[PDB]
Amino acid sequence: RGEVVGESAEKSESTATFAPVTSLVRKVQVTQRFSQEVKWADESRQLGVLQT
Amino acid sequence: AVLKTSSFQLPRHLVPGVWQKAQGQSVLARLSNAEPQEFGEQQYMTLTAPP
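Protein chains in written order, with the entry's author numbering: chain E, 53 to 104; chain B, 2 to 52.
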């Protein structure tokens, strides 16, 4: 902040202040399990279940 | 006494290949032709009694 002063008034000390901030790191996974038969049923009948 | 070969304990000679008893193959694969199929249970229609 600025200040107003007379011709010999004492000038004050005033400074910016700073802080750091840090990210976190978040690891995400999705796993889906199915029987070998679901691959055969899907790719024979063209179900589109695996693509879904 | 005299030097016998039993003192050396010589290794036996391996002979190549394997001896096997035979195994019978599938009879159903010889007696019934395989039809083409798609994965899953088939269904067949049968006459049970005539008029």
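Each residue gets a CB set at the ideal place from its N, CA and C atoms; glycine is no exception.
Kindly indicate the opening and closing residues of the alpha helix (DSSP H) around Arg31/B.
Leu29 to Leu32
N- and C-terminal bounds of the alpha helix (DSSP H) containing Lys91/E:
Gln88 to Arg97
Check each residue of the region 37-49 of chain B: if its Cβ is closer than 9 Å to any Cβ of chain E, include it; give the result in chain order.
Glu39, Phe40 and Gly41
Hey, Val101/E and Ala93/E: beta-carbon distance below 9 Å or not?
yes
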